[PDB]
Amino acid sequence: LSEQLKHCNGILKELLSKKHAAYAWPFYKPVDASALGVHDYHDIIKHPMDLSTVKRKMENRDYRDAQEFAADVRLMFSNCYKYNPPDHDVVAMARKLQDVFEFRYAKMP
Ligand SMILES: CCNC(=O)[C@H](C)[C@@H]1N=C(c2ccc(Cl)cc2)c2cc(OC)ccc2-n2c(C)nnc21
Ligand SMILES: C[C@H](O)COC[C@H](C)O
Ligand SMILES: [Cl-]
């Protein structure tokens, strides 16, 4: 991994760590639309994303730069903001995790 991608990997590890689990947990695995009963999810969200998918892409060296990584993490939050009402509990969690993400991403070497 490039130096910037190492920073990205560090951010990813932090997002998945116990420190943030109280608000990060919904983002750990792909949304299971059937399990959650959200039968319109895949009509509304054309490009699902979640932290396990970002992790697999990082491990496989799929991301060629920090910008590509950040686009995926941001897509994950955007999908949450698109599907859910802005006052929803999961949206509040998304905002908190995105704050953690954006502030550390801003510290890119
Ligand atoms: C109809 C209620 N809304 C949902 O079920 C959405 C689809 C779902 N909510 C939730 C969700 C709803 C309430 C709370 Cl407190 C936390 C997460 C959710 C739950 C999950 O459990 C494994 C996984 C993903 C989500 N999730 C994410 C991420 N983005 N939207 C959601
Ligand atoms: C609340 C917005 O959806 C995300 O804001 C991120 C900022 C770093 O708090
Ligand atoms: Cl972006």
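One is the number of the first residue; the rest follow in order along the sequence. What you see below is based on every heavy atom in this structure, not just the backbone, and it leaves out hydrogens, waters and symmetry mates. When a ligand or atom number is given, it counts from 1 through the structure's own listing order.
For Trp25, the closest heavy-atom approach to ligand 1 falls below 4.0 Å.
No part of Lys29 comes within 4.0 Å of ligand 1, judged by heavy-atom distances.
Closest heavy-atom approach to atom 8 (C) of ligand 1 among the candidates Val31, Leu36, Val38: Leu36. Residue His88 holds the heavy atom nearest to atom 13 (C) of ligand 1 of all those in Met76, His88, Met93.
Near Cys80, meaning under 4.0 Å from one of its heavy atoms, ligand 1 places the atoms 29 (N). Close approach of ligand 1 to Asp89 is summarised as follows: ligand atoms under 4.0 Å from at least one heavy atom of the residue are 15 (Cl).
If you check which protein heavy atom lies closest to atom 28 (C) of ligand 1, you get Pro26 O, 3.5 Å. Nearest protein heavy-atom neighbour of atom 10 (C) of ligand 1: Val90 CG2, 3.9 Å. Nearest to atom 6 (C) of ligand 1 among the protein's heavy atoms is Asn84 ND2, 3.5 Å.
Within 6.0 Å of the CD atom in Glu59, the count of heavy atoms belonging to other residues, nucleotides or ligands exceeds 12.
Near ligand 2, heavy-atom contacts under 4.0 Å come from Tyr81, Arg95, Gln98, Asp99, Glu102, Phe103.
Considering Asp50, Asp62, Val54 as possible partners of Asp72, the one that fulfils the side chain to side chain contact (heavy atoms under 4.5 Å, CB included) test is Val54.
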